[PDB]
Structure formats: structure tokens, C-alpha cells
Amino acid sequence: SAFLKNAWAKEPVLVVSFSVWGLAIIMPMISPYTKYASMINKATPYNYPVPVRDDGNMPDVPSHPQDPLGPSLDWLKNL
Amino acid sequence: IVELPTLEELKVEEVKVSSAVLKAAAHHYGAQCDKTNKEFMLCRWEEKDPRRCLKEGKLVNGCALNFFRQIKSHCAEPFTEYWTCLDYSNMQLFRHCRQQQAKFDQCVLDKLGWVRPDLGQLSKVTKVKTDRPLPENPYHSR
Amino acid sequence: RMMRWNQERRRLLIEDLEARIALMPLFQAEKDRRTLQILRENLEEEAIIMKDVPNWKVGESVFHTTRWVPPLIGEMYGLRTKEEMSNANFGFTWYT
Amino acid sequence: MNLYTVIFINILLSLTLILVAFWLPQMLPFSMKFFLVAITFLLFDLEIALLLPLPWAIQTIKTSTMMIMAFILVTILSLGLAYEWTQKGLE
Amino acid sequence: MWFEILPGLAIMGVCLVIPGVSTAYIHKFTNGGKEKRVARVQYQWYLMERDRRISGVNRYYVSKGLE
Amino acid sequence: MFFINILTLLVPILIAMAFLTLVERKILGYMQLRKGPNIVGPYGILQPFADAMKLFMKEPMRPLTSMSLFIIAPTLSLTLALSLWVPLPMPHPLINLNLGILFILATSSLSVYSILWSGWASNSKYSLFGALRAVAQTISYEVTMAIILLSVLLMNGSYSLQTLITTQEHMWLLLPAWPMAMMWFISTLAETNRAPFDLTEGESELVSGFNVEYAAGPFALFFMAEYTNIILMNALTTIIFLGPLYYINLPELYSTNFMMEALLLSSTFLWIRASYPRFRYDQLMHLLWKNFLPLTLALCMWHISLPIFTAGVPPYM
Ligand SMILES: CCCCCCCCCCCCCCCCCC(=O)OC[C@H](COP(=O)(O)OCCN)OC(=O)CCCCCCCCCCCCCCCCC
């Protein structure tokens with residue numbers, strides 16, 4: 001601890017340096033948002049969503065995507 | 001040989017409107033006319049060849065032209081204002097023009113009855129049952 | 001502020017990607033329709049270029065399969081105007 | 001092409017100036033310590049080259065992986081640097 | 001006093017705004033009053049090209065619902 | 001037109017480049033209790049043009065030196081500087097290089113050749129040492145210079161300098177990332193061999209190794225290059241970290257604001273020069289391989305995690 005103190009006052013870059021190294025190694029693990037990154041990026045519609053053959057027993061979005069069934073991004077909205 | 005289809009076989013009315021025009025009405029077109037398109041997509045995917053879905057493509061085009069004829073007939077002015085402002089921007093970004101968008105969107109809801117699709121609800125995969133025969137042995141697998 | 005701004009910016013990005021998602025069907029048809037035209041048009045000239053050549057099948061898939069192999073850029077614009085070919089070839093690398 | 005046009009004007013403007021300059025007025029080190037630093041440079045430059053792709057990796061659905069991978073890259077190289085210090089190599 | 005360093009600066013400033021205003025009006029003149037389309041990705045070049053074909057030869061000319 | 005847009009964006013910068021030396025020889029003056037050059041012309045406005053004409057007229061001494069390389073280095077220097085101004089994202093940038101920042105980084109690196117080759121070509125001991133010292137400091141400051149940008153980009157989403165105008169529509173990137181601004185500013189001071197970091201031509205310590213033998217026209221071209229750079233790097237600070245206001249309707253405001261911030265930060269390195277003695281060679285490199293590089297590496301991580309744990313990944317447009 002004592003060195004820590006002087007280190008805070010002498011060579012006070014490394015201290016800050018390491019501190020950040022850690023804080024970046026922690027915040028991700030604990031964050032009400034970490035999960036969103038893999039979703040928000042997953043959702044972005046870069047590639048065309050090829051349709052599916054409506055063979056039968058389909059709970060998928062019913063034709064017009066304006067139909068209720070299907071995934072929603074209201075989580076993205078009002079985020 | 002190559003069995004490339006003939007021109008008369010591939011001549012059909014053209015949309016030909018500035019890309020900007022489309023981007024402004026993109027959302028609504030994704031709304032009023034995705035029935036045929038999705039089916040066409042299904043054909044063009046499972047049946048790899050393009051020759052095997054040409055006719056569907058013709059239907060694809062026919063659906064939009066009238067989409068435009070409706071808008072031309074009703075709320076043309078709004079749409080005209082919205083596209084002109086949208087076109088000026090270099091990436092034709094949607095947010096620079098929201099005041100013009102609101103009047104265009106509200107009117108066609110009022111007259112055409114259509115609706116601007118909420119954020120999303122166009123990206124979601126669709127089910128369209130193309131009565132065409134789900135093909136097999138594609139790529140002449142042999 | 002940066003967190004909120006990029007989250008908004010992301011919402012705008014999903015909005016316009018979906019805008020093309022909706023419009024590509026109209027373009028896909030257009031592309032194919034035009035693509036075939038270029039192939040066919042080249043067929044006409046093809047049926048007029050090597051006619052004299054002996055043992056000259058007007059045209060034949062370089063391959064054996066009858067599967068639809070998309071047309072390379074060269075094939076589409078090779079016979080066509082040089083500029084046309086150049087445009088396609090070096091027309092993106094060179095900005096608008 | 002547009003860039004090519006600009007650049008050749010850029011060289012032309014310079015070459016014009018040097019020429020004017022010449023035509024108008026007619027009237028053994030032992031950097032061993034450095035050597036080491038130079039090598040580290042090479043190495044660090046290469047890492048940076050492996051860190052350049054991040055701007056697109058940030059988009060990876062596998063965000064977590066990207067984090068772990070990236071974090072490791074920086075950390076490992078950081079360790080290399082520290083060693084230099086620990087072994088007093090650079091000093 | 002220090003009043004005098006300003007003359008020189010004025011001629012620097014004026015010579016650093018020209019470029020930014022110039023490049024940003026020789027674009028809106030050549031592109032028909034509409035900002036030069038920035039085609040970062042092909043889609044955009046496609047849309048741009050599509051525009052060319054749609055009318056005249058230049059993409060800046062833009063046909064509308066009345067076509 | 002495009003040609004006209006090449007005159008503008010070049011001449012204007014060259015004329016401004018000339019007026020920087022003047023505003024350097026007067027701002028340093030008033031800080032040191034002296035008027036500076038006001039007697040030639042009105043208030044010294046004709047002073048930059050005057051020595052340019054003297055420099056070109058005086059004999060270009062060719063020491064008894066590898067001629068080709070000796071003459072090429074100046075050419076490269078100016079070529080690179082003028083070139084680096086092509087993709088700058090003042091509104092509607094001359095050329096939307098999609099990976100512009102990379103381009104800037106690339107050309108900036110090539111400049112090192114000039115100093116290195118110049119020293120080798122000069123064939124004088126002073127010059128040789130100057131080159132060696134220069135290459136080392138230059139490249140090293142490049143290593144933190146590049147990492148500092150990579151941290152920025154990851155919060156911008158792309159390498160294109162045009163994106164930052166949309167990233168900085170609500171707040172400057174100084175507020176966030178100020179710790180790197182400082183480290184970008186100090187690195188911008190090293191890469192333009194300006195004062196605090198000017199061991200390349202210390203004059204007192206070693207006598208102008210870079211151009212020991214260079215005089216007249218060659219002296220001028222690098223010379224011009226350095227000062228144009230002095231501006232360019234300051235301008236990159238004024239786009240990447242201090243984001244000027246921008247309005248699509250009125251694109252001029254950006255240029256005007258860009259002007260004000262560029263001139264003030266250009267004024268700052270003038271002010272730094274008069275105010276500080278010069279760092280030693282060893283001290284200089286220590287600061288970067290020791291005082292900064294560890295700072296720059298760590299924050300890179302923080303800027304990798306920041307977006308994720310804040311779900312603040314930027315759009316790729
Ligand atoms: C938590 C999330 C993550 C974020 C964490 C943030 C934590 C708080 C920020 C911590 C770091 C803040 C400062 C960053 C830059 C300074 C980095 C540094 O450590 O300085 C090195 C060096 C001083 O080192 P020295 O005095 O030799 O002693 C070393 C002791 N280890 O510095 C120098 O010697 C510099 C010498 C400069 C000479 C010219 C000075 C010019 C001064 C005026 C301009 C200043 C910059 C203006 C920038 C404008 C905008 C770009």
C-alpha cells in the first residue's frame with residue numbers, strides 16, 4: 001500500500017496505466033448493456049433476409065413483415 | 001449452346017425513377033409490395049438460374065409501377081417535396097428530411113391508407129408460399 | 001453522450017439498410033433482366049463474328065455442366081466498348 | 001484517376017520548384033541501443049497492423065470473442081514492452 | 001503593440017477558408033446543386049449509376065414521380 | 001472545374017503557408033519584447049515573398065554527395081505535404097478516400113525517407129547524425145501517433161475523416177478522449193520537428209543536420225514542407241479532436257470554424273517553441289517508449305471495451 005502511495009506520486013503513469021487496463025477488463029463483465037453489443041450488431045440488417053417457403057405449421061412472420069409475429073427491436077427502440 | 005432468353009422475353013415496363021425517389025418511398029414499397037417480391041426471391045434462390053424466374057421478375061416490376069401510379073394520383077405533392085429534399089443530401093440521408101417525411105407519411109396514411117413500417121418489421125424473414133414447384137436436383141447435380 | 005449518440009446513429013443505420021432490403025427486389029429483377037440482355041446481345045454479335053470460322057459452335061459453355069454460371073465482368077462487357085469495360089473494371093476504385 | 005491527377009500535379013509543382021532553383025541562379029556509429037529500439041518498432045508496427053482490423057471487428061456478432069482476442073493482443077505486446085524494461089533491455 | 005500580428009494572420013485565415021468554401025461550392029456546381037454523392041460502398045455506386053442511366057448521362061439530373 | 005478546385009486547396013494553402021512564417025516571426029517577437037519584421041512592405045506582409053526570392057536566386061550548392069538522392073529528398077518532402085492535404089475532410093473534401101486516415105498515416109510515414117536520405121546523401125558528419133537521430137524519433141512518434149488514431153477510429157467507426165463530422169455533431173472528441181488529445185498534440189509537435197521536439201535541426205546542439213548542406217531552392221522546399229505540415233497536423237487536430245460546427249444547409253460555417261481552431265492550435269506550437277527549451281534525444285524517446293506508449297496502449301483497451309460495455313458500437317455507414 002505504501003509504495004502504492006508513492007507510486008501514485010512517483011511514476012504516476014504506470015499506476016494510471018494499469019488501473020485502466022483493469023477497469024477495461026471489468027466494466028465489460030459487469031454492465032447492464034454488454035449483452036446489447038452482440039445484439040445491436042447482430043440485428044443490423046446488412047444482408048437480405050431471404051424468404052421462407054410457407055409449407056405449413058409456420059409460426060414465422062406471416063407474409064407482410066408488418067404482421068405481429070416475428071422478432072422485434074422495440075428493445076432497441078426506447079433503449 | 002447457352003439458351004439465353006430472347007429480348008422480347010425480357011422486355012417489360014421500367015420503373016426508371018431516380019434512386020432517390022425510391023429511397024424516400026422505399027419503406028412504403030417494402031410495405032405495399034413484398035408479396036410477389038418474396039416469392040420471386042424464393043424462386044431465384046432455390047432455382048439458381050435466372051432464366052428460371054424471369055417471368056416472376058416481370059410480375060415483380062408490375063407490382064411497383066402501380067404502387068407509383070397510386071402515389072402519383074394521391075399525395076403526389078408531398079412525395080415530390082420529400083424526394084427533392086432527400087436527393088440534395090450526398091448520401092441521401094433520411095434524418096436531414098423529417099418534416100417533409102412527416103407530411104408525406106401522414107397524407108398517404110390519410111388517403112391511400114398505407115402505413116410507414118415501424119423501425120424494423122421489414123428486415124424480419126417472410127413466409128411466401130410460391131405455388132411454383134420447389135425445385136430439386138438444382139445445379140443439374142447429376 | 002457518445003453512448004447515446006451512437007445508439008441513435010445505429011437506429012438510423014438499421015433504418016436505411018432495411019430501406020434497400022425493401023428496394024433490392026426491384027433492383028434484382030432489373031439487374032438480371034439487363035444482365036441477360038448483355039449476354040444475349042453479345043450472342044447476336046457472336047452469331048455474326050465467327051460465322052466464317054470453321055468448326056465454330058456459335059457458343060458453348062466453357063464447362064460441361066448445364067448449371068447457370070454467372071457471367072464474368074469481361075464476358076458481359078468484353079466485346080463491348082472499351083470504356084464500358086473500363087468503367088466497370090476501374091469504375092469504383094475511382095470514386096464518383 | 002482523380003487522385004492520380006492531383007498527385008502528378010503535386011510532383012510537378014515540386015519538380016518545377018527544384019529545377020527553377022538549379023536553373024535560375026545562372027547569373028561509423030555504434031547505435032546498438034538504437035538497433036534494439038528499431039527492432040521493437042518493427043515488432044510493434046506489426047502488432048498495430050494486427051490491431052488495425054478492429055474497426056470492423058467491433059461489428060462482429062461474436063463481440064465477446066473480439067474483446068478477448070483484442071484484449072489479449074494488446075496485453076501480450078504490453079508485456080513484451082514491460083519485459084524490455086524488466087530486463088532493462090531498452091534502458 | 002500586438003495589434004500588428006493580425007495583418008499576417010488575416011491573410012492566412014483568408015487563405016484557409018477559401019479552400020473549404022471553394023471545394024464545397026465547386027461540388028454543388030458540378031453536381032447540379034446537389035451535393036456530390038459519396039459512394040462509399042458499391043450499393044451507392046450502383047444507385048448512382050442507375051441514376052445516370054435513368055436520365056441524360058449525368059446522375060445529378062433526377063427524374064421524379066412525373067416519369 | 002476539378003482543376004480549379006486543385007488550384008484552390010493548393011495555392012490558397014501555399015499563400016497561407018507563407019503567412020505562417022510571418023505570424024511566427026512576429027508572435028515570437030512580441031513574446032520576446034520586439035516588433036518583429038514590419039519594415040519590408042506594410043506590417044511585414046511582403047516579408048515571406050522577399051526571402052523566398054532571395055533563397056531561389058542564391059546558388060544551390062552541390063557539395064562534392066549522391067546527387068540523385070540529394071535532390072530527390074526535397075521533392076519527396078513537398079510532394080508528400082501537399083498530397084496529405086488532398087483527403088482532409090473540410091466540408092465536401094477534395095477526394096473521399098474511404099480509408100483516408102490510413103492514407104494520412106501512410107504518407108506521413110513516407111516523409112521520414114526525406115530526412116534519412118538527405119542526411120545520407122549530404123555526406124557530412126553533422127548531417128549523418130541528424131538523420132539517425134531524426135529517423136529514430138520520427139518513427140517512434142509514429143508508433144504512438146498511429147495507436148492514438150486507432151483509439152479514435154474505434155469510436156468513430158471508420159477510417160474516413162468525413163465520418164467524424166457526423167460523430168462530432170453533439171460534442172468534440174476532446175471531452176471524451178482528451179487524454180489522447182494531449183498525446184496527439186505532443187506527437188504532432190514531434191512529427192513536425194517543432195520546438196520542444198526539434199533535435200533534428202537543433203542548431204545549437206548539432207547544426208541543422210537535415211539541411212546542413214542544403215541551401216537556396218532545396219532548403220526552401222523542405223522548408224515549405226515543414227510549415228505546410230505544421231498547418232496540416234494542426235488541422236487534423238482540428239477535425240479529429242476539436243470538431244468544428246457543421247450545417248448541411250450552410251457548409252461554410254465549418255470552414256470558418258475550422259479556420260479559427262486551426263489558426264489557434266497553429267499559434268500554440270509557435271507559442272510552445274518560444275516558451276520551452278529543447279528535450280534531449282534520449283529524453284525525447286523515453287517519453288514515447290516510456291512515458292507515453294504505456295499510456296497509449298492501455299487507453300486503447302479502454303476504448304475497445306467502452307463501446308461494448310456501453311453498447312456504443314458505432315455505425316459503419
Ligand atoms: C478511466 C478511463 C480511461 C481514461 C483515464 C484517464 C485518466 C486521467 C488522464 C491521465 C493522463 C492525462 C495526461 C495525458 C498526457 C500526459 C501523459 C504523461 O504521462 O506525460 C508524460 C510527460 C511528462 O512526463 P515527465 O514529467 O517526464 O515525468 C514522467 C513521470 N512518469 O509529458 C510531457 O513531458 C509533455 C511535454 C510537452 C512539451 C510541450 C507542452 C505543451 C503544453 C501546451 C499544449 C498541451 C496540449 C494541448 C492539447 C490541445 C488539444 C489537442
# chains A, B, ... in the order shown; residues from 1 in each chain; ligands from 1
>>> residues_near_ligand(ligand="ligand 1", cutoff="7 Å", atoms="only C-alpha atoms and all ligand atoms", output="list in words")
residues 10, 11, 12, 13, 16 and 20 of chain A; 174, 179, 180, 181, 182, 183, 184, 185, 186, 196, 237, 241, 272, 287, 291, 292, 295, 299 and 302 of chain F
>>> residues_around(residues="region 9-19 of chain D", least_positions_apart="5", cutoff="9 Å", atoms="only C-alpha atoms", output="list in words")
residues 4 and 24 of chain D; 6, 56, 71, 72, 74, 75, 76, 77, 78, 79, 80, 82, 83, 217, 218 and 221 of chain F
>>> write_last_selection(atoms="N, CA and C atoms", output="mmCIF file, in the first residue's frame")
data_model
loop_
_atom_site.group_PDB
_atom_site.id
_atom_site.type_symbol
_atom_site.label_atom_id
_atom_site.label_comp_id
_atom_site.auth_asym_id
_atom_site.auth_seq_id
_atom_site.Cartn_x
_atom_site.Cartn_y
_atom_site.Cartn_z
ATOM 1 N N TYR D 4 -4.946 10.357 -59.123
ATOM 2 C CA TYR D 4 -3.705 10.368 -59.930
ATOM 3 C C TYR D 4 -3.508 11.792 -60.445
ATOM 4 N N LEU D 24 17.644 28.797 -62.303
ATOM 5 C CA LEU D 24 17.544 30.251 -62.216
ATOM 6 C C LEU D 24 18.813 30.971 -61.774
ATOM 7 N N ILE F 6 -8.285 22.367 -57.691
ATOM 8 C CA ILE F 6 -6.947 21.941 -57.308
ATOM 9 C C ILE F 6 -6.108 23.172 -57.069
ATOM 10 N N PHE F 56 15.713 31.409 -53.678
ATOM 11 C CA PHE F 56 15.807 30.760 -55.012
ATOM 12 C C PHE F 56 16.961 31.308 -55.862
ATOM 13 N N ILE F 71 18.897 15.450 -54.379
ATOM 14 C CA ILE F 71 17.883 16.322 -54.948
ATOM 15 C C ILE F 71 16.477 15.764 -54.767
ATOM 16 N N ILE F 72 16.348 14.450 -54.677
ATOM 17 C CA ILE F 72 15.026 13.850 -54.562
ATOM 18 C C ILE F 72 14.371 14.117 -53.215
ATOM 19 N N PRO F 74 14.216 16.569 -51.118
ATOM 20 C CA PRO F 74 13.361 17.752 -51.069
ATOM 21 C C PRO F 74 12.076 17.526 -51.828
ATOM 22 N N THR F 75 12.168 16.952 -53.018
ATOM 23 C CA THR F 75 10.975 16.776 -53.832
ATOM 24 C C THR F 75 9.957 15.923 -53.101
ATOM 25 N N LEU F 76 10.409 14.816 -52.536
ATOM 26 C CA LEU F 76 9.507 13.940 -51.815
ATOM 27 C C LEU F 76 8.841 14.716 -50.712
ATOM 28 N N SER F 77 9.624 15.466 -49.952
ATOM 29 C CA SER F 77 9.064 16.178 -48.822
ATOM 30 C C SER F 77 7.874 17.011 -49.232
ATOM 31 N N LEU F 78 8.072 17.908 -50.187
ATOM 32 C CA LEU F 78 6.988 18.794 -50.573
ATOM 33 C C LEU F 78 5.857 17.992 -51.166
ATOM 34 N N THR F 79 6.192 17.001 -51.978
ATOM 35 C CA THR F 79 5.165 16.211 -52.622
ATOM 36 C C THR F 79 4.245 15.646 -51.577
ATOM 37 N N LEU F 80 4.823 15.036 -50.556
ATOM 38 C CA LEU F 80 4.015 14.412 -49.527
ATOM 39 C C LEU F 80 3.145 15.422 -48.803
ATOM 40 N N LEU F 82 1.940 18.398 -49.640
ATOM 41 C CA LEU F 82 0.842 18.908 -50.438
ATOM 42 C C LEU F 82 -0.168 17.803 -50.658
ATOM 43 N N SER F 83 0.312 16.576 -50.813
ATOM 44 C CA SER F 83 -0.577 15.443 -51.034
ATOM 45 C C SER F 83 -1.461 15.148 -49.838
ATOM 46 N N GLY F 217 17.233 26.792 -53.182
ATOM 47 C CA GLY F 217 15.986 26.100 -53.556
ATOM 48 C C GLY F 217 15.708 24.832 -52.771
ATOM 49 N N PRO F 218 16.654 23.893 -52.564
ATOM 50 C CA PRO F 218 16.343 22.730 -51.751
ATOM 51 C C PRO F 218 15.932 23.114 -50.320
ATOM 52 N N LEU F 221 12.225 24.110 -50.387
ATOM 53 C CA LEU F 221 11.189 23.114 -50.496
ATOM 54 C C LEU F 221 10.935 22.363 -49.199
#
>>> closest_atom_pairs(of="chain C", to="chain F", cutoff="7 Å", atoms="only C-alpha atoms", output="Markdown table")
| residue | atom | partner | partner_atom | distance |
| --- | --- | --- | --- | --- |
| C:3 | CA | F:312 | CA | 4.7 |
| C:6 | CA | F:314 | CA | 5.2 |
| C:7 | CA | F:312 | CA | 6.0 |
| C:9 | CA | F:315 | CA | 6.2 |
| C:10 | CA | F:315 | CA | 5.3 |
| C:13 | CA | F:315 | CA | 6.4 |
>>> write_last_selection(atoms="N, CA and C atoms", output="PDB file, in the first residue's frame")
ATOM      1  N   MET C   3     -22.251   7.339 -25.919  1.00  0.00           N
ATOM      2  CA  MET C   3     -23.019   6.074 -25.885  1.00  0.00           C
ATOM      3  C   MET C   3     -24.390   6.339 -26.523  1.00  0.00           C
ATOM      4  N   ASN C   6     -24.261   7.190 -30.569  1.00  0.00           N
ATOM      5  CA  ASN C   6     -24.007   6.043 -31.473  1.00  0.00           C
ATOM      6  C   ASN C   6     -25.210   5.084 -31.466  1.00  0.00           C
ATOM      7  N   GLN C   7     -25.898   4.983 -30.324  1.00  0.00           N
ATOM      8  CA  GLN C   7     -27.106   4.125 -30.236  1.00  0.00           C
ATOM      9  C   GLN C   7     -28.128   4.762 -31.186  1.00  0.00           C
ATOM     10  N   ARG C   9     -27.397   6.684 -33.719  1.00  0.00           N
ATOM     11  CA  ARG C   9     -26.825   6.546 -35.077  1.00  0.00           C
ATOM     12  C   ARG C   9     -27.087   5.125 -35.564  1.00  0.00           C
ATOM     13  N   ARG C  10     -26.999   4.159 -34.656  1.00  0.00           N
ATOM     14  CA  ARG C  10     -27.209   2.744 -35.039  1.00  0.00           C
ATOM     15  C   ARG C  10     -28.657   2.605 -35.514  1.00  0.00           C
ATOM     16  N   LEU C  13     -28.912   3.691 -38.946  1.00  0.00           N
ATOM     17  CA  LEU C  13     -28.236   2.741 -39.870  1.00  0.00           C
ATOM     18  C   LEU C  13     -29.151   1.559 -40.195  1.00  0.00           C
TER      19      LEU C  13
END
>>> closest_atom_pairs(of="chain A", to="chain B", cutoff="9 Å", atoms="only C-alpha atoms", output="tab-separated table")
residue	atom	partner	partner_atom	distance
A:43	CA	B:123	CA	8.9
A:44	CA	B:123	CA	9.0
A:45	CA	B:123	CA	6.4
A:48	CA	B:123	CA	7.7
A:49	CA	B:125	CA	5.4
A:50	CA	B:125	CA	6.5
A:51	CA	B:126	CA	4.8
A:52	CA	B:127	CA	4.7
A:53	CA	B:129	CA	5.1
A:54	CA	B:129	CA	4.4
A:55	CA	B:129	CA	6.6
A:58	CA	B:127	CA	7.9
A:60	CA	B:127	CA	7.0
A:61	CA	B:126	CA	5.6
A:62	CA	B:127	CA	6.0
A:63	CA	B:126	CA	5.0
A:64	CA	B:34	CA	6.7
A:65	CA	B:121	CA	4.9
A:66	CA	B:121	CA	5.5
A:67	CA	B:121	CA	7.9
A:68	CA	B:121	CA	8.6
A:70	CA	B:124	CA	6.4
A:71	CA	B:124	CA	6.7
A:72	CA	B:120	CA	7.1
A:73	CA	B:120	CA	6.8
A:74	CA	B:119	CA	8.2
A:77	CA	B:119	CA	7.9
>>> residues_around(residues="residue 7 (chain E)", least_positions_apart="3", cutoff="8 Å", atoms="only C-alpha atoms", output="list in words")
residues 4, 10 and 11 of chain E; 43 and 45 of chain F
>>> residues_around(residues="residue 34 (chain C)", least_positions_apart="4", cutoff="10 Å", atoms="only C-alpha atoms", output="list in words")
residues 7, 10 and 11 of chain B; 28, 29, 30, 38, 39 and 40 of chain C
>>> write_last_selection(atoms="N, CA and C atoms", output="PDB file, in the first residue's frame")
ATOM      1  N   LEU B   7     -34.859 -11.175 -76.259  1.00  0.00           N
ATOM      2  CA  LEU B   7     -35.170  -9.851 -75.752  1.00  0.00           C
ATOM      3  C   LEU B   7     -36.663  -9.661 -75.526  1.00  0.00           C
ATOM      4  N   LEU B  10     -37.686 -10.622 -72.397  1.00  0.00           N
ATOM      5  CA  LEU B  10     -37.242  -9.849 -71.241  1.00  0.00           C
ATOM      6  C   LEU B  10     -37.522  -8.359 -71.367  1.00  0.00           C
ATOM      7  N   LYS B  11     -38.520  -7.983 -72.153  1.00  0.00           N
ATOM      8  CA  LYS B  11     -38.880  -6.577 -72.252  1.00  0.00           C
ATOM      9  C   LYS B  11     -40.131  -6.292 -71.441  1.00  0.00           C
TER      10      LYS B  11
ATOM     11  N   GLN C  28     -33.012  -6.357 -58.148  1.00  0.00           N
ATOM     12  CA  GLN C  28     -32.540  -7.680 -58.530  1.00  0.00           C
ATOM     13  C   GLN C  28     -33.108  -8.043 -59.875  1.00  0.00           C
ATOM     14  N   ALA C  29     -34.399  -7.812 -60.042  1.00  0.00           N
ATOM     15  CA  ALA C  29     -35.026  -8.104 -61.305  1.00  0.00           C
ATOM     16  C   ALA C  29     -34.350  -7.295 -62.354  1.00  0.00           C
ATOM     17  N   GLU C  30     -34.203  -6.010 -62.088  1.00  0.00           N
ATOM     18  CA  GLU C  30     -33.615  -5.126 -63.075  1.00  0.00           C
ATOM     19  C   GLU C  30     -32.245  -5.605 -63.493  1.00  0.00           C
ATOM     20  N   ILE C  38     -27.336  -8.243 -71.956  1.00  0.00           N
ATOM     21  CA  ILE C  38     -25.952  -8.075 -72.375  1.00  0.00           C
ATOM     22  C   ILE C  38     -25.398  -9.378 -72.915  1.00  0.00           C
ATOM     23  N   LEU C  39     -25.700 -10.478 -72.240  1.00  0.00           N
ATOM     24  CA  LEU C  39     -25.251 -11.780 -72.721  1.00  0.00           C
ATOM     25  C   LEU C  39     -25.845 -12.064 -74.086  1.00  0.00           C
ATOM     26  N   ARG C  40     -27.151 -11.889 -74.211  1.00  0.00           N
ATOM     27  CA  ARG C  40     -27.820 -12.158 -75.471  1.00  0.00           C
ATOM     28  C   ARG C  40     -27.323 -11.248 -76.566  1.00  0.00           C
TER      29      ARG C  40
END
>>> interface_residues(of="chain F", to="chain B", cutoff="10 Å", atoms="only C-alpha atoms", output="ChimeraX atom specification")
/F:92,248-249,317
>>> interface_residues(of="chain B", to="chain C", cutoff="6 Å", atoms="only C-alpha atoms", output="ChimeraX atom specification")
/B:1,4,26-27,30,37,49,57,123,139-140
>>> closest_atom_pairs(of="chain A", to="chain D", cutoff="10 Å", atoms="only C-alpha atoms", output="tab-separated table")
residue	atom	partner	partner_atom	distance
A:21	CA	D:75	CA	8.5
A:24	CA	D:71	CA	9.1
A:25	CA	D:71	CA	8.3
A:28	CA	D:67	CA	9.0
A:29	CA	D:64	CA	9.9
A:34	CA	D:64	CA	8.9
A:35	CA	D:64	CA	9.2
A:36	CA	D:63	CA	9.9
A:37	CA	D:63	CA	6.8
A:38	CA	D:61	CA	5.1
A:39	CA	D:61	CA	7.3
A:40	CA	D:61	CA	8.7
A:41	CA	D:59	CA	5.8
A:42	CA	D:61	CA	5.2
A:43	CA	D:61	CA	8.9
A:44	CA	D:59	CA	9.5
>>> interface_residues(of="chain B", to="chain E", cutoff="8 Å", atoms="only C-alpha atoms", output="PyMOL selection string")
chain B and resi 16-19+21+68+72+76+80+83+87-91
>>> write_last_selection(atoms="N, CA, C and O atoms", output="PDB file, in the first residue's frame")
ATOM      1  N   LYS B  16     -37.456   3.065 -63.642  1.00  0.00           N
ATOM      2  CA  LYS B  16     -36.664   4.207 -64.093  1.00  0.00           C
ATOM      3  C   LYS B  16     -36.764   5.485 -63.288  1.00  0.00           C
ATOM      4  O   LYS B  16     -36.568   6.544 -63.813  1.00  0.00           O
ATOM      5  N   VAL B  17     -37.039   5.439 -62.010  1.00  0.00           N
ATOM      6  CA  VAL B  17     -37.078   6.723 -61.323  1.00  0.00           C
ATOM      7  C   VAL B  17     -35.784   6.893 -60.528  1.00  0.00           C
ATOM      8  O   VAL B  17     -35.153   5.911 -60.153  1.00  0.00           O
ATOM      9  N   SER B  18     -35.370   8.130 -60.301  1.00  0.00           N
ATOM     10  CA  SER B  18     -34.112   8.367 -59.611  1.00  0.00           C
ATOM     11  C   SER B  18     -34.025   7.573 -58.342  1.00  0.00           C
ATOM     12  O   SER B  18     -35.005   7.455 -57.616  1.00  0.00           O
ATOM     13  N   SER B  19     -32.845   7.046 -58.041  1.00  0.00           N
ATOM     14  CA  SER B  19     -32.717   6.200 -56.875  1.00  0.00           C
ATOM     15  C   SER B  19     -33.269   6.920 -55.673  1.00  0.00           C
ATOM     16  O   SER B  19     -33.862   6.306 -54.794  1.00  0.00           O
ATOM     17  N   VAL B  21     -35.789   8.808 -55.458  1.00  0.00           N
ATOM     18  CA  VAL B  21     -37.223   8.648 -55.381  1.00  0.00           C
ATOM     19  C   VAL B  21     -37.512   7.379 -54.645  1.00  0.00           C
ATOM     20  O   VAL B  21     -38.343   7.342 -53.745  1.00  0.00           O
ATOM     21  N   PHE B  68     -46.464   3.187 -57.684  1.00  0.00           N
ATOM     22  CA  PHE B  68     -46.141   4.595 -58.025  1.00  0.00           C
ATOM     23  C   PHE B  68     -47.361   5.333 -58.586  1.00  0.00           C
ATOM     24  O   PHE B  68     -47.532   6.519 -58.278  1.00  0.00           O
ATOM     25  N   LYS B  72     -48.725   8.811 -57.380  1.00  0.00           N
ATOM     26  CA  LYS B  72     -48.780   9.916 -58.318  1.00  0.00           C
ATOM     27  C   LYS B  72     -50.159  10.520 -58.271  1.00  0.00           C
ATOM     28  O   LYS B  72     -50.313  11.735 -58.285  1.00  0.00           O
ATOM     29  N   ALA B  76     -49.219  13.224 -54.356  1.00  0.00           N
ATOM     30  CA  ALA B  76     -48.046  13.369 -55.197  1.00  0.00           C
ATOM     31  C   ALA B  76     -47.206  14.526 -54.717  1.00  0.00           C
ATOM     32  O   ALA B  76     -45.985  14.422 -54.643  1.00  0.00           O
ATOM     33  N   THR B  80     -43.360  14.626 -53.737  1.00  0.00           N
ATOM     34  CA  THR B  80     -42.430  15.400 -54.594  1.00  0.00           C
ATOM     35  C   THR B  80     -41.513  16.230 -53.694  1.00  0.00           C
ATOM     36  O   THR B  80     -40.288  16.211 -53.908  1.00  0.00           O
ATOM     37  N   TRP B  83     -38.926  13.853 -51.798  1.00  0.00           N
ATOM     38  CA  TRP B  83     -37.779  13.318 -52.582  1.00  0.00           C
ATOM     39  C   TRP B  83     -36.793  14.438 -52.908  1.00  0.00           C
ATOM     40  O   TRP B  83     -35.584  14.185 -52.824  1.00  0.00           O
ATOM     41  N   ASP B  87     -32.990  14.057 -52.083  1.00  0.00           N
ATOM     42  CA  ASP B  87     -31.960  13.973 -53.151  1.00  0.00           C
ATOM     43  C   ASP B  87     -30.800  14.948 -52.941  1.00  0.00           C
ATOM     44  O   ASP B  87     -29.664  14.586 -53.288  1.00  0.00           O
ATOM     45  N   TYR B  88     -31.072  16.137 -52.400  1.00  0.00           N
ATOM     46  CA  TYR B  88     -29.990  17.147 -52.291  1.00  0.00           C
ATOM     47  C   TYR B  88     -28.834  16.563 -51.477  1.00  0.00           C
ATOM     48  O   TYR B  88     -27.697  16.705 -51.932  1.00  0.00           O
ATOM     49  N   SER B  89     -29.118  15.838 -50.394  1.00  0.00           N
ATOM     50  CA  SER B  89     -28.048  15.322 -49.496  1.00  0.00           C
ATOM     51  C   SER B  89     -27.194  14.329 -50.296  1.00  0.00           C
ATOM     52  O   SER B  89     -27.756  13.605 -51.134  1.00  0.00           O
ATOM     53  N   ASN B  90     -25.885  14.297 -50.028  1.00  0.00           N
ATOM     54  CA  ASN B  90     -24.964  13.401 -50.782  1.00  0.00           C
ATOM     55  C   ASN B  90     -25.213  11.919 -50.503  1.00  0.00           C
ATOM     56  O   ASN B  90     -25.115  11.117 -51.436  1.00  0.00           O
ATOM     57  N   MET B  91     -25.511  11.528 -49.278  1.00  0.00           N
ATOM     58  CA  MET B  91     -25.791  10.136 -49.008  1.00  0.00           C
ATOM     59  C   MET B  91     -27.282   9.996 -48.883  1.00  0.00           C
ATOM     60  O   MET B  91     -27.784   8.996 -48.390  1.00  0.00           O
TER      61      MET B  91
END
